[PDB]
Every structure is written in C-alpha cells, then in structure tokens.
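Structure file coords_28.pdb with PDB, C-alpha atoms and all ligand atoms:
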```pdb
ATOM      1  CA  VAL A   1      42.835  -0.036 -25.632  1.00  0.00           C
ATOM      2  CA  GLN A   2      41.900   1.968 -22.520  1.00  0.00           C
ATOM      3  CA  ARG A   3      44.351   0.708 -19.882  1.00  0.00           C
ATOM      4  CA  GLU A   4      43.748   1.746 -16.304  1.00  0.00           C
ATOM      5  CA  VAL A   5      44.922   0.872 -12.800  1.00  0.00           C
ATOM      6  CA  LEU A   6      42.471  -1.687 -11.391  1.00  0.00           C
ATOM      7  CA  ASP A   7      42.048  -3.277  -7.970  1.00  0.00           C
ATOM      8  CA  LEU A   8      41.851  -7.006  -8.722  1.00  0.00           C
ATOM      9  CA  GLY A   9      39.386  -7.652  -5.873  1.00  0.00           C
ATOM     10  CA  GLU A  10      37.025  -4.863  -6.885  1.00  0.00           C
ATOM     11  CA  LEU A  11      37.216  -5.942 -10.538  1.00  0.00           C
ATOM     12  CA  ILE A  12      36.093  -9.527  -9.897  1.00  0.00           C
ATOM     13  CA  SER A  13      33.678  -8.905  -6.976  1.00  0.00           C
ATOM     14  CA  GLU A  14      31.757  -6.217  -8.853  1.00  0.00           C
ATOM     15  CA  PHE A  15      31.670  -8.332 -12.012  1.00  0.00           C
ATOM     16  CA  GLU A  16      30.625 -11.463 -10.047  1.00  0.00           C
ATOM     17  CA  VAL A  17      27.163  -9.974  -9.484  1.00  0.00           C
ATOM     18  CA  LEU A  18      26.615  -9.532 -13.247  1.00  0.00           C
ATOM     19  CA  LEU A  19      28.122 -12.978 -13.929  1.00  0.00           C
ATOM     20  CA  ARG A  20      25.689 -14.684 -11.506  1.00  0.00           C
ATOM     21  CA  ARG A  21      22.800 -13.196 -13.533  1.00  0.00           C
ATOM     22  CA  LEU A  22      24.271 -14.566 -16.759  1.00  0.00           C
ATOM     23  CA  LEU A  23      24.787 -18.066 -15.258  1.00  0.00           C
ATOM     24  CA  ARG A  24      21.449 -18.271 -13.244  1.00  0.00           C
ATOM     25  CA  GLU A  25      21.382 -21.645 -11.334  1.00  0.00           C
ATOM     26  CA  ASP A  26      23.052 -23.579 -14.199  1.00  0.00           C
ATOM     27  CA  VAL A  27      26.063 -23.901 -11.895  1.00  0.00           C
ATOM     28  CA  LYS A  28      27.013 -23.260  -8.307  1.00  0.00           C
ATOM     29  CA  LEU A  29      29.421 -20.329  -8.740  1.00  0.00           C
ATOM     30  CA  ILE A  30      31.916 -20.047  -5.864  1.00  0.00           C
ATOM     31  CA  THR A  31      34.671 -17.626  -5.033  1.00  0.00           C
ATOM     32  CA  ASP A  32      37.932 -17.519  -3.249  1.00  0.00           C
ATOM     33  CA  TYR A  33      39.406 -14.004  -2.847  1.00  0.00           C
ATOM     34  CA  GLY A  34      42.909 -13.968  -1.461  1.00  0.00           C
ATOM     35  CA  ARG A  35      44.066 -11.364   1.050  1.00  0.00           C
ATOM     36  CA  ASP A  36      46.078  -8.222   0.181  1.00  0.00           C
ATOM     37  CA  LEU A  37      45.075  -8.366  -3.483  1.00  0.00           C
ATOM     38  CA  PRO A  38      47.312  -6.441  -5.894  1.00  0.00           C
ATOM     39  CA  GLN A  39      46.514  -3.750  -8.420  1.00  0.00           C
ATOM     40  CA  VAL A  40      47.007  -4.449 -12.144  1.00  0.00           C
ATOM     41  CA  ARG A  41      47.110  -2.300 -15.304  1.00  0.00           C
ATOM     42  CA  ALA A  42      44.704  -3.491 -17.943  1.00  0.00           C
ATOM     43  CA  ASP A  43      41.730  -2.644 -20.079  1.00  0.00           C
ATOM     44  CA  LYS A  44      38.813  -3.337 -17.696  1.00  0.00           C
ATOM     45  CA  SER A  45      36.220  -4.298 -20.332  1.00  0.00           C
ATOM     46  CA  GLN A  46      38.732  -6.665 -21.982  1.00  0.00           C
ATOM     47  CA  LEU A  47      39.514  -8.460 -18.676  1.00  0.00           C
ATOM     48  CA  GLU A  48      35.793  -8.729 -17.976  1.00  0.00           C
ATOM     49  CA  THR A  49      35.317 -10.278 -21.450  1.00  0.00           C
ATOM     50  CA  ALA A  50      38.131 -12.769 -20.782  1.00  0.00           C
ATOM     51  CA  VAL A  51      36.696 -13.819 -17.396  1.00  0.00           C
ATOM     52  CA  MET A  52      33.183 -14.014 -18.868  1.00  0.00           C
ATOM     53  CA  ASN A  53      34.330 -16.261 -21.744  1.00  0.00           C
ATOM     54  CA  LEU A  54      36.063 -18.599 -19.272  1.00  0.00           C
ATOM     55  CA  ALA A  55      33.040 -18.650 -16.923  1.00  0.00           C
ATOM     56  CA  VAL A  56      30.580 -19.555 -19.739  1.00  0.00           C
ATOM     57  CA  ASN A  57      32.971 -22.326 -20.899  1.00  0.00           C
ATOM     58  CA  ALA A  58      32.975 -23.680 -17.344  1.00  0.00           C
ATOM     59  CA  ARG A  59      29.166 -23.566 -17.340  1.00  0.00           C
ATOM     60  CA  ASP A  60      29.044 -25.382 -20.698  1.00  0.00           C
ATOM     61  CA  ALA A  61      31.459 -28.044 -19.411  1.00  0.00           C
ATOM     62  CA  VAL A  62      29.368 -28.830 -16.282  1.00  0.00           C
ATOM     63  CA  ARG A  63      25.863 -28.604 -17.960  1.00  0.00           C
ATOM     64  CA  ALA A  64      25.308 -32.365 -17.750  1.00  0.00           C
ATOM     65  CA  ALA A  65      25.300 -32.051 -13.933  1.00  0.00           C
ATOM     66  CA  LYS A  66      21.989 -30.080 -14.308  1.00  0.00           C
ATOM     67  CA  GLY A  67      22.528 -27.622 -11.444  1.00  0.00           C
ATOM     68  CA  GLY A  68      25.182 -29.520  -9.444  1.00  0.00           C
ATOM     69  CA  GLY A  69      28.361 -28.517 -11.357  1.00  0.00           C
ATOM     70  CA  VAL A  70      30.716 -26.120  -9.610  1.00  0.00           C
ATOM     71  CA  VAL A  71      32.634 -23.224 -11.151  1.00  0.00           C
ATOM     72  CA  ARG A  72      35.094 -21.254  -9.028  1.00  0.00           C
ATOM     73  CA  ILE A  73      36.597 -17.850  -9.702  1.00  0.00           C
ATOM     74  CA  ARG A  74      39.730 -17.468  -7.563  1.00  0.00           C
ATOM     75  CA  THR A  75      41.898 -14.357  -7.123  1.00  0.00           C
ATOM     76  CA  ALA A  76      45.191 -13.968  -5.330  1.00  0.00           C
ATOM     77  CA  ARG A  77      48.535 -12.356  -4.876  1.00  0.00           C
ATOM     78  CA  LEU A  78      50.997 -15.161  -5.576  1.00  0.00           C
ATOM     79  CA  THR A  79      54.647 -15.342  -4.621  1.00  0.00           C
ATOM     80  CA  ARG A  80      57.127 -15.983  -7.443  1.00  0.00           C
ATOM     81  CA  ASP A  81      57.410 -19.641  -6.404  1.00  0.00           C
ATOM     82  CA  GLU A  82      53.624 -20.142  -6.225  1.00  0.00           C
ATOM     83  CA  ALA A  83      53.216 -18.645  -9.712  1.00  0.00           C
ATOM     84  CA  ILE A  84      55.875 -21.001 -11.147  1.00  0.00           C
ATOM     85  CA  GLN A  85      54.213 -23.920  -9.358  1.00  0.00           C
ATOM     86  CA  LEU A  86      50.785 -22.938 -10.819  1.00  0.00           C
ATOM     87  CA  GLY A  87      52.225 -22.811 -14.394  1.00  0.00           C
ATOM     88  CA  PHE A  88      53.905 -19.433 -15.068  1.00  0.00           C
ATOM     89  CA  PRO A  89      57.564 -20.416 -15.663  1.00  0.00           C
ATOM     90  CA  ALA A  90      58.888 -16.847 -16.159  1.00  0.00           C
ATOM     91  CA  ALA A  91      57.417 -15.393 -12.923  1.00  0.00           C
ATOM     92  CA  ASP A  92      59.948 -12.880 -11.510  1.00  0.00           C
ATOM     93  CA  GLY A  93      58.244 -11.700  -8.277  1.00  0.00           C
ATOM     94  CA  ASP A  94      54.779 -11.275  -6.722  1.00  0.00           C
ATOM     95  CA  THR A  95      52.145 -12.005  -9.403  1.00  0.00           C
ATOM     96  CA  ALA A  96      48.407 -11.216  -9.793  1.00  0.00           C
ATOM     97  CA  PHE A  97      46.287 -14.362 -10.256  1.00  0.00           C
ATOM     98  CA  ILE A  98      42.812 -14.871 -11.746  1.00  0.00           C
ATOM     99  CA  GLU A  99      41.656 -18.482 -12.127  1.00  0.00           C
ATOM    100  CA  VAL A 100      38.426 -19.938 -13.478  1.00  0.00           C
ATOM    101  CA  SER A 101      38.057 -23.563 -12.425  1.00  0.00           C
ATOM    102  CA  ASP A 102      35.385 -26.216 -12.776  1.00  0.00           C
ATOM    103  CA  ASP A 103      34.700 -29.799 -11.757  1.00  0.00           C
ATOM    104  CA  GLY A 104      33.575 -30.810 -15.246  1.00  0.00           C
ATOM    105  CA  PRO A 105      34.934 -33.576 -17.491  1.00  0.00           C
ATOM    106  CA  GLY A 106      38.207 -31.770 -18.247  1.00  0.00           C
ATOM    107  CA  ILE A 107      39.997 -31.339 -21.550  1.00  0.00           C
ATOM    108  CA  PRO A 108      41.054 -34.450 -23.481  1.00  0.00           C
ATOM    109  CA  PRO A 109      44.878 -34.442 -23.980  1.00  0.00           C
ATOM    110  CA  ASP A 110      44.443 -34.690 -27.797  1.00  0.00           C
ATOM    111  CA  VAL A 111      42.285 -31.503 -27.702  1.00  0.00           C
ATOM    112  CA  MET A 112      44.455 -29.459 -25.307  1.00  0.00           C
ATOM    113  CA  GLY A 113      46.918 -28.178 -27.918  1.00  0.00           C
ATOM    114  CA  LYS A 114      44.181 -26.624 -30.118  1.00  0.00           C
ATOM    115  CA  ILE A 115      41.705 -25.070 -27.616  1.00  0.00           C
ATOM    116  CA  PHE A 116      43.066 -21.539 -28.210  1.00  0.00           C
ATOM    117  CA  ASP A 117      42.840 -21.890 -32.023  1.00  0.00           C
ATOM    118  CA  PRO A 118      40.396 -19.520 -33.700  1.00  0.00           C
ATOM    119  CA  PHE A 119      37.243 -21.499 -34.506  1.00  0.00           C
ATOM    120  CA  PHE A 120      38.128 -24.712 -32.622  1.00  0.00           C
ATOM    121  CA  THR A 121      34.977 -26.045 -30.894  1.00  0.00           C
ATOM    122  CA  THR A 122      33.381 -29.311 -29.758  1.00  0.00           C
ATOM    123  CA  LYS A 123      29.856 -27.806 -30.053  1.00  0.00           C
ATOM    124  CA  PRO A 124      27.482 -28.471 -32.985  1.00  0.00           C
ATOM    125  CA  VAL A 125      27.455 -26.153 -36.016  1.00  0.00           C
ATOM    126  CA  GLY A 126      24.634 -23.846 -34.863  1.00  0.00           C
ATOM    127  CA  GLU A 127      26.020 -22.985 -31.386  1.00  0.00           C
ATOM    128  CA  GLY A 128      28.724 -20.298 -30.952  1.00  0.00           C
ATOM    129  CA  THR A 129      31.725 -19.459 -33.123  1.00  0.00           C
ATOM    130  CA  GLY A 130      34.700 -21.126 -31.431  1.00  0.00           C
ATOM    131  CA  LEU A 131      36.455 -17.801 -30.789  1.00  0.00           C
ATOM    132  CA  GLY A 132      35.901 -17.604 -26.992  1.00  0.00           C
ATOM    133  CA  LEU A 133      39.367 -18.866 -26.034  1.00  0.00           C
ATOM    134  CA  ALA A 134      41.158 -17.172 -28.960  1.00  0.00           C
ATOM    135  CA  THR A 135      39.737 -13.909 -27.591  1.00  0.00           C
ATOM    136  CA  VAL A 136      40.811 -14.843 -24.037  1.00  0.00           C
ATOM    137  CA  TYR A 137      44.348 -15.654 -25.212  1.00  0.00           C
ATOM    138  CA  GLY A 138      44.660 -12.393 -27.111  1.00  0.00           C
ATOM    139  CA  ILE A 139      43.396 -10.368 -24.118  1.00  0.00           C
ATOM    140  CA  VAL A 140      45.860 -12.043 -21.733  1.00  0.00           C
ATOM    141  CA  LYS A 141      48.796 -11.277 -24.064  1.00  0.00           C
ATOM    142  CA  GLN A 142      47.591  -7.648 -24.597  1.00  0.00           C
ATOM    143  CA  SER A 143      47.602  -7.324 -20.779  1.00  0.00           C
ATOM    144  CA  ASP A 144      51.293  -8.492 -20.664  1.00  0.00           C
ATOM    145  CA  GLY A 145      50.087 -11.682 -19.025  1.00  0.00           C
ATOM    146  CA  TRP A 146      50.422 -15.449 -19.197  1.00  0.00           C
ATOM    147  CA  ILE A 147      47.707 -18.114 -19.296  1.00  0.00           C
ATOM    148  CA  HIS A 148      48.166 -21.725 -18.200  1.00  0.00           C
ATOM    149  CA  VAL A 149      45.583 -24.503 -18.454  1.00  0.00           C
ATOM    150  CA  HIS A 150      45.578 -27.359 -15.920  1.00  0.00           C
ATOM    151  CA  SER A 151      43.172 -30.159 -16.833  1.00  0.00           C
ATOM    152  CA  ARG A 152      42.997 -33.893 -17.135  1.00  0.00           C
ATOM    153  CA  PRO A 153      39.924 -36.115 -17.636  1.00  0.00           C
ATOM    154  CA  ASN A 154      38.536 -36.649 -14.089  1.00  0.00           C
ATOM    155  CA  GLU A 155      40.406 -33.541 -12.929  1.00  0.00           C
ATOM    156  CA  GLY A 156      38.100 -30.653 -14.089  1.00  0.00           C
ATOM    157  CA  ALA A 157      39.713 -27.701 -15.865  1.00  0.00           C
ATOM    158  CA  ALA A 158      41.480 -24.651 -14.407  1.00  0.00           C
ATOM    159  CA  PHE A 159      42.290 -21.647 -16.589  1.00  0.00           C
ATOM    160  CA  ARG A 160      44.883 -19.530 -14.834  1.00  0.00           C
ATOM    161  CA  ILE A 161      45.674 -15.921 -15.790  1.00  0.00           C
ATOM    162  CA  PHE A 162      48.863 -14.388 -14.396  1.00  0.00           C
ATOM    163  CA  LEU A 163      49.219 -10.595 -14.635  1.00  0.00           C
ATOM    164  CA  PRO A 164      51.989  -8.218 -13.530  1.00  0.00           C
ATOM    165  CA  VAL A 165      51.446  -6.512 -10.178  1.00  0.00           C
ATOM    166  CA  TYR A 166      51.179  -2.763 -10.660  1.00  0.00           C
ATOM    167  CA  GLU A 167      52.717  -0.721  -7.865  1.00  0.00           C
ATOM    168  CA  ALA A 168      52.008   3.018  -7.955  1.00  0.00           C
ATOM    169  CA  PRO A 169      55.065   3.609  -5.661  1.00  0.00           C
ATOM    170  CA  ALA A 170      57.451   1.907  -8.128  1.00  0.00           C
ATOM    171  CA  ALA A 171      60.006   4.210  -9.713  1.00  0.00           C
ATOM    172  CA  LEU A 172      59.634   4.885 -13.422  1.00  0.00           C
ATOM    173  CA  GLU A 173      61.575   2.386 -15.506  1.00  0.00           C
ATOM    174  CA  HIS A 174      63.895   4.414 -17.789  1.00  0.00           C
ATOM    175  CA  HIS A 175      67.065   4.299 -19.837  1.00  0.00           C
ATOM    176  CA  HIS A 176      69.436   6.571 -21.824  1.00  0.00           C
ATOM    177  CA  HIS A 177      68.011   5.359 -24.971  1.00  0.00           C
TER     178      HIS A 177
HETATM  179  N1  LIG A 201      52.848 -10.710 -36.000  1.00  0.00           N
HETATM  180  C1  LIG A 201      52.264 -11.552 -35.116  1.00  0.00           C
HETATM  181  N2  LIG A 201      53.069 -12.184 -34.209  1.00  0.00           N
HETATM  182  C2  LIG A 201      52.526 -13.042 -33.320  1.00  0.00           C
HETATM  183  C3  LIG A 201      51.080 -13.287 -33.309  1.00  0.00           C
HETATM  184  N3  LIG A 201      50.825 -14.155 -32.312  1.00  0.00           N
HETATM  185  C4  LIG A 201      52.015 -14.459 -31.750  1.00  0.00           C
HETATM  186  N4  LIG A 201      53.015 -13.781 -32.348  1.00  0.00           N
HETATM  187  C5  LIG A 201      54.464 -13.891 -32.072  1.00  0.00           C
HETATM  188  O1  LIG A 201      54.712 -15.265 -32.378  1.00  0.00           O
HETATM  189  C6  LIG A 201      55.577 -15.829 -31.406  1.00  0.00           C
HETATM  190  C7  LIG A 201      55.376 -17.328 -31.320  1.00  0.00           C
HETATM  191  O2  LIG A 201      54.100 -17.628 -30.782  1.00  0.00           O
HETATM  192  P1  LIG A 201      53.739 -19.137 -30.371  1.00  0.00           P
HETATM  193  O3  LIG A 201      54.054 -20.108 -31.486  1.00  0.00           O
HETATM  194  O4  LIG A 201      52.359 -19.130 -29.746  1.00  0.00           O
HETATM  195  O5  LIG A 201      54.806 -19.486 -29.224  1.00  0.00           O
HETATM  196  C8  LIG A 201      54.600 -19.026 -27.912  1.00  0.00           C
HETATM  197  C9  LIG A 201      53.871 -20.033 -27.075  1.00  0.00           C
HETATM  198  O6  LIG A 201      54.297 -21.387 -27.329  1.00  0.00           O
HETATM  199  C10 LIG A 201      54.306 -19.639 -25.691  1.00  0.00           C
HETATM  200  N5  LIG A 201      53.396 -18.719 -24.983  1.00  0.00           N
HETATM  201  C11 LIG A 201      53.452 -17.364 -24.974  1.00  0.00           C
HETATM  202  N6  LIG A 201      52.508 -16.864 -24.148  1.00  0.00           N
HETATM  203  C12 LIG A 201      51.864 -17.925 -23.608  1.00  0.00           C
HETATM  204  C13 LIG A 201      50.773 -18.103 -22.629  1.00  0.00           C
HETATM  205  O7  LIG A 201      50.232 -17.096 -22.138  1.00  0.00           O
HETATM  206  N7  LIG A 201      50.397 -19.356 -22.310  1.00  0.00           N
HETATM  207  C14 LIG A 201      50.980 -20.451 -22.853  1.00  0.00           C
HETATM  208  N8  LIG A 201      50.543 -21.670 -22.488  1.00  0.00           N
HETATM  209  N9  LIG A 201      51.999 -20.357 -23.756  1.00  0.00           N
HETATM  210  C15 LIG A 201      52.464 -19.140 -24.137  1.00  0.00           C
HETATM  211  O8  LIG A 201      55.572 -18.960 -25.775  1.00  0.00           O
HETATM  212  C16 LIG A 201      55.920 -18.848 -27.157  1.00  0.00           C
HETATM  213  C17 LIG A 201      56.620 -17.537 -27.471  1.00  0.00           C
HETATM  214  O9  LIG A 201      55.734 -16.439 -27.258  1.00  0.00           O
HETATM  215  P2  LIG A 201      56.154 -14.951 -27.664  1.00  0.00           P
HETATM  216  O10 LIG A 201      57.490 -14.658 -27.058  1.00  0.00           O
HETATM  217  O11 LIG A 201      54.952 -14.074 -27.408  1.00  0.00           O
HETATM  218  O12 LIG A 201      56.396 -15.091 -29.253  1.00  0.00           O
HETATM  219  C18 LIG A 201      55.270 -15.057 -30.134  1.00  0.00           C
HETATM  220  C19 LIG A 201      54.962 -13.676 -30.661  1.00  0.00           C
HETATM  221  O13 LIG A 201      56.157 -12.921 -30.801  1.00  0.00           O
HETATM  222  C20 LIG A 201      50.280 -12.562 -34.308  1.00  0.00           C
HETATM  223  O14 LIG A 201      49.039 -12.726 -34.341  1.00  0.00           O
HETATM  224  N10 LIG A 201      50.922 -11.735 -35.152  1.00  0.00           N
HETATM  225  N1  LIG A 202      36.285 -25.544 -18.932  1.00  0.00           N
HETATM  226  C1  LIG A 202      36.361 -26.377 -19.990  1.00  0.00           C
HETATM  227  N2  LIG A 202      36.240 -27.716 -19.868  1.00  0.00           N
HETATM  228  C2  LIG A 202      36.307 -28.565 -20.912  1.00  0.00           C
HETATM  229  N3  LIG A 202      36.523 -28.125 -22.179  1.00  0.00           N
HETATM  230  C3  LIG A 202      36.656 -26.802 -22.430  1.00  0.00           C
HETATM  231  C4  LIG A 202      36.588 -25.832 -21.339  1.00  0.00           C
HETATM  232  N4  LIG A 202      36.754 -24.615 -21.876  1.00  0.00           N
HETATM  233  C5  LIG A 202      36.910 -24.778 -23.196  1.00  0.00           C
HETATM  234  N5  LIG A 202      36.852 -26.083 -23.521  1.00  0.00           N
HETATM  235  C6  LIG A 202      36.984 -26.680 -24.858  1.00  0.00           C
HETATM  236  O1  LIG A 202      37.560 -25.729 -25.739  1.00  0.00           O
HETATM  237  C7  LIG A 202      36.653 -25.458 -26.800  1.00  0.00           C
HETATM  238  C8  LIG A 202      36.839 -24.025 -27.283  1.00  0.00           C
HETATM  239  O2  LIG A 202      36.251 -23.094 -26.392  1.00  0.00           O
HETATM  240  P1  LIG A 202      35.841 -21.640 -26.949  1.00  0.00           P
HETATM  241  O3  LIG A 202      36.991 -21.079 -27.713  1.00  0.00           O
HETATM  242  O4  LIG A 202      35.262 -20.846 -25.820  1.00  0.00           O
HETATM  243  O5  LIG A 202      34.705 -22.021 -28.022  1.00  0.00           O
HETATM  244  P2  LIG A 202      33.240 -22.628 -27.678  1.00  0.00           P
HETATM  245  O6  LIG A 202      32.959 -22.479 -26.220  1.00  0.00           O
HETATM  246  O7  LIG A 202      33.133 -23.999 -28.274  1.00  0.00           O
HETATM  247  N6  LIG A 202      32.109 -21.621 -28.534  1.00  0.00           N
HETATM  248  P3  LIG A 202      32.017 -19.933 -28.156  1.00  0.00           P
HETATM  249  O8  LIG A 202      32.793 -19.648 -26.893  1.00  0.00           O
HETATM  250  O9  LIG A 202      30.562 -19.683 -28.111  1.00  0.00           O
HETATM  251  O10 LIG A 202      32.615 -19.181 -29.325  1.00  0.00           O
HETATM  252  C9  LIG A 202      35.282 -25.828 -26.266  1.00  0.00           C
HETATM  253  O11 LIG A 202      34.328 -26.129 -27.292  1.00  0.00           O
HETATM  254  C10 LIG A 202      35.620 -27.029 -25.419  1.00  0.00           C
HETATM  255  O12 LIG A 202      35.728 -28.195 -26.230  1.00  0.00           O
HETATM  256 MG    MG A 203      33.267 -20.659 -25.292  1.00  0.00          MG
END
```
Write the structure described by the file as structure tokens, please.
Amino acid sequence: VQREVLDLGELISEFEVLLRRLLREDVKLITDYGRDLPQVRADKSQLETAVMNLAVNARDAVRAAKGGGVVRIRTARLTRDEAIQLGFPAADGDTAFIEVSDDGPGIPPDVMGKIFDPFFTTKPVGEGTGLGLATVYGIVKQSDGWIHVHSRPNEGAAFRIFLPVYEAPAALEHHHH
C-alpha cells in the first residue's frame, strides 16, 4: 500500500482519458464533476483499479445497446445528509463521492446480495474470473470507505464509493494512549 494525498478531480479526469481508450465507442461515457472537489488519502493505483473494474462492468451491462448505452462517472463533495441519502448511513460530515452509473438492465434483486462474492459471475465459463467486484470491495474498505449499490431492473445500476475527506489543515488526531 502506497497511500498518498490525491485531488479527486485530478484523479478521475486524468484517468478518464485512459478509460475512454479502454472502452472505445462501446458506450457513451459521460462525466459530472462537482465543484470544490475534496482531497482524499488512498493508494492511487488501487482506486484506479476499482474505478476501472466498475466502468468495464457498466460497459458489459449495456453491450446489448450496441453503442447507445450510457455510463457516467460522477464525482462530488457531498454534505453529511446527501451521503446518508445516497446510501452511506454512517456519514459524519462532508464526504468524497465517486459513482459509476449506467442505464443498463440493472441487478436482479436475487443476485444483489452475492455480487461482491469472490467468483460470482453471470458470464460464461471462458470470460473473466468473477473477482472484479470482490477486488473493488476490498479496495474501498482498504481506503476506509463505504460502497453502496443502487439498482433495480429498469433502473440501471449505480455503484457509489464514499471516501473520507482529507484536510491537510486538520489537526493531528492524538491521545494519551
Ligand atoms: N479477518 C477478516 N475479517 C474480515 C474480512 N472481511 C471482513 N471482515 C470483518 O468481518 C466483519 C463482518 O463483515 P460482513 O459480514 O461483510 O458485515 C459487514 C457488512 O454487512 C457491512 N459493510 C461494511 N462495509 C460495507 C460497505 O462498504 N458496503 C456495504 N453495502 N456494506 C458494508 O457492515 C458489516 C460490518 O462491517 P465491519 O465493521 O467492517 O466488520 C467486518 C470486518 O470486521 C476478512 O477477509 N478477514
Ligand atoms: N453495472 C452492472 N449492471 C448489472 N450487473 C452487474 C453490474 N456490475 C456487476 N454486475 C453483476 O455482478 C457480476 C459480478 O461482477 P464482477 O465481480 O466484476 O465479475 P464479472 O464482471 O462477471 N467478470 P470479471 O470482472 O472479468 O472478473 C457480473 O457478472 C454481473 O452479473
Ligand atoms: Mg467485472
């Protein structure tokens, strides 16, 4: 683990260019960068891997649209209340937000509980490993984060990563043990 202080906007915008090459015109990839984006502390290559795994899943999900499916990567500073509303119950203040959303078929309710399981997949035996989301989940937890999935059939799928805001001005947390 090589944690560093990262600007959330720079992280996604720089990576977006590389991601667009990976996706080609399989999807229309859109963005929505919020204003006054926070810094976070994380391993950069791990967050990139997590976003990449989500983005390729979104592409897979909207393949049947043959060029018309839409995948959005959204970033924001959320208020505590917005974060709770978007599915982070333990939000305690301003929160960093990364969300990969698509307009695909969504996740069947009977599948939802097992999507993060190592090796769970709906693809045939020769394609992939079924670790994409297990890796994402692990990365989010290693980054002291929370992930929430919002999806119903006919509602697309949104994978929402909530990370602590890092503030360089914050006083050192400390205690007398
Ligand atoms: N030794 C070892 N311990 C492990 C491992 N994976 C998890 N744990 C520990 O197992 C506890 C229970 O995990 P859970 O059943 O997923 O139960 C979780 C899960 O239901 C939920 N949860 C935690 N983080 C997230 C998240 O980011 N998104 C969602 N949707 N649920 C979450 O909150 C519950 C409590 O989470 P924690 O307080 O982190 O408590 C975790 C953690 O202390 C492992 O590989 N090795
Ligand atoms: N955006 C999405 N929309 C609908 N279903 C999804 C989405 N993302 C993940 N899933 C489901 O969750 C499963 C697990 O995803 P994942 O863990 O990435 O494995 P995988 O994509 O099947 N193979 P791989 O990522 O190559 O290892 C997928 O096979 C889908 O059934
Ligand atoms: Mg995958």
All residues having an atom within 12 Å of ligand MG 203 (chain A) (only C-alpha atoms and all ligand atoms) as a ChimeraX atom specification
/A:49-61,115-123,127-136
8 Å contact set for residue A:152, all atoms listed in the file, chain neighbours under 2 positions out, as a VMD selection string
chain A and resid 106 to 109 150 154 to 157
Exercise: stretch 90-105 of chain A partners within 9 Å, all atoms listed in the file, chain neighbours under 2 positions left out, as an MDAnalysis selection string
chainID A and resid 8 12 37:40 51 54:55 58:65 69:84 88 107:108 151:166
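Closest approach to ligand LIG 201 (chain A) from the set A:168, A:173, A:111, A:138 is made by A:138, with distances taken over all atoms listed in the file.
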Could you write out as a list in words the residues that the PyMOL selection byres (((not hetatm)) within 6 of (chain A and resi 201)) matches in the shown file?
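Answer for the PyMOL selection byres (((not hetatm)) within 6 of (chain A and resi 201)): residues 146, 147 and 148 of chain A.
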Enclosing box along x, y and z for every listed atom of stretch 11-24 of chain A, padded 4 Å each side, centre and size in Å, one decimal, as JSON:
```
{"center_x": 29.3, "center_y": -12.1, "center_z": -11.9, "size_x": 23.8, "size_y": 20.3, "size_z": 17.8}
```
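Interatomic distance, atom CA of residue A:29 against atom CA of residue A:68: 10.1 Å.
Note that the spacing between atom CA of residue A:5 and atom CA of residue A:42 amounts to 6.7 Å.
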Using the chain letters and numbers from the file, which residues does the PyMOL selection byres (((chain A and resi 43) around 10) and not hetatm) grab, as a PyMOL selection string?
chain A and resi 1-6+40-42+44-48+139+142-143
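Here atom CA of residue A:14 stands at a distance of 15.5 Å from atom CA of residue A:34.
Ranking A:110, A:26, A:167, A:32 by their shortest atom-to-atom distance to ligand LIG 202 (chain A), with only C-alpha atoms and all ligand atoms included, puts A:110 first.
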Give the answer as one residue: which of A:149, A:25, A:30, A:171 has the shortest atom-to-atom distance to residue A:113, using all atoms listed in the file?
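Ranking A:149, A:25, A:30, A:171 by distance to residue A:113, first place goes to A:149.
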With all atoms listed in the file as the basis for distance, which of A:170, A:86, A:112, A:23 is at the shortest distance from ligand LIG 202 (chain A)?
A:112
